[PDB]
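Presented below, as structure tokens, is a lone chain in the form deposited in one PDB entry.
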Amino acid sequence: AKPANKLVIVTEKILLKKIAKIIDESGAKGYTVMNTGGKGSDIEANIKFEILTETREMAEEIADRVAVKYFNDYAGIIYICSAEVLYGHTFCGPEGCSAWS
């Protein structure tokens, strides 16, 4: 298994493309996005991104860039969880996530 940080961004859908580009620019290998409802008839339609990064610093770069640019004007939350990646050709590279010495 490979150590990973899982960054979650829940925010307004209008920010989809701008947050996707930030993610791409960060060096993150991929991301998952989903339509969600949220509250912070009072529910609103939101999107949630999940991004697995190899380092906490990469996760924080994305979080910091999204927030500084958009979180004054747009609703949002960003949080981070620990995870271990078991399989993922781009995340772990060709030798896989359980390579030996």
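Note that residue numbering follows the sequence shown and begins at 1. Only residues modelled in both forms are compared. We call the rigid core whatever largest set of C-alpha positions still superposes within 1.5 Å between the two forms.
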Among the other entries that model both neighbours of residue 73, does it go unmodelled in a third or more?
-> no
Would you mind checking whether residue 41 is unresolved in the model of at least a third of the other PDB entries compared?
-> yes
Count, per the entry, the deposited residues between residue 40 and residue 41 that are not modelled, and return the matching class: none, 1 to 3, 4 to 9, or 10 or more.
-> 10 or more
For the C-alpha atoms alone, is the average B factor greater in 17-25 or in 88-96, going by the entry?
-> 88-96
Would you mind ranking residue 50 by its C-alpha B-factor against the rest of the chain and naming the third, lowest, middle or highest?
-> lowest
Among all modelled residues of this chain, ranked by Cα B factor, put residue 64 in the bottom, middle or top third, i.e. lowest, middle or highest.
-> lowest
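Absent from the display: the form deposited in another entry. The rest refers to it.
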Please find the residue from 86, 20, 14, 77 showing a Cα shift of 2 angstroms or more between this form and the one not shown, rigid core superposed.
-> 86
Core superposition done; which regions of 3+ residues show CA shifts of at least 2 Å throughout between this form and the one not shown?
-> 81-97
